[PDB]
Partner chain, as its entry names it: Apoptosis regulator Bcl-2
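We begin with a single chain expressed as structure tokens, specifically the form deposited without its partner chain.
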């Protein structure tokens, strides 16, 4: 039981885009093109852009789900550590076990899969303003990569699926995530190896 991570642009040319924030110490979120990897801080805004070549149907939704990047951990459900699950950081919408939240959207929906037990967060797709190129969603990651009892220093991927009103697959993309105290420093360091 592991969700597919195969990239699939689909009929609407579904792609992800990210801000070009750089690696100065003050950045709270930064994306590495070379590593296809997002470096972000705990509970801080994480902008992800949805790009499409054609506007998807009314009722289209997009879903985010985390899985472990390493094959020997892939079947394990990614969830918050007991400490953070018990933290008083609720937004009144997200379940306490869920790693990924959506910020600033009251139509957000959260799922515990009854069969796979996977967590995911789903949101109604809205097309960009006519003068805009893409739709920006603000995610929050509610555990650090280094959380004891949670991700436990294990790398994760976030999978974003585009789906129709019936939940049929329309598109898929993914990116690796590290949730850390110093995204800029950590990105610059990880790219040093290239």
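Residue numbers count along the first chain shown, from 1.
On average, which has the higher Cα B-factor in the deposited entry, 34-42 or 147-155?
The recorded data point to 147-155.
Taking only the CA atoms, which stretch has the higher mean B-factor in the record, 48-56 or 62-70?
According to the PDB entry, the answer is 48-56.
Going by what the PDB entry lists, where does residue 93 fall on CA B-factor within its chain: lowest, middle or highest third?
Its C-alpha B-factor, which the entry lists for residue 93, ranks in the middle third among residues of this chain.
Select lowest, middle or highest to describe the third in which the CA B-factor of residue 113 falls within its chain in this entry.
Middle third by C-alpha B-factor.
Relative to the other modelled residues of the same chain, rank the CA B-factor of residue 106 and answer lowest, middle or highest third.
Highest third.
For residue 15, does the deposited CA B-factor place it in the lowest, middle or highest third of the chain?
For residue 15, whose C-alpha B-factor we compare with every modelled residue in the chain, the answer is the middle third.
Pull the Cα B-factor of residue 77 out of the PDB entry and bin it into the chain's lowest, middle or highest third.
Its C-alpha B-factor, which the entry lists for residue 77, ranks in the middle third among residues of this chain.
Note that the form solved in complex with its partner chain isn't included here; everything after this is about it.
Just to make sure I understand: among 89-104, which residues lie within 4.5 Å of its partner chain in the bound PDB entry, judging by heavy atoms?
If the 4.5 Å heavy-atom criterion is applied to its partner chain in the bound PDB entry, 89-104 yields 91, 92, 93, 104.
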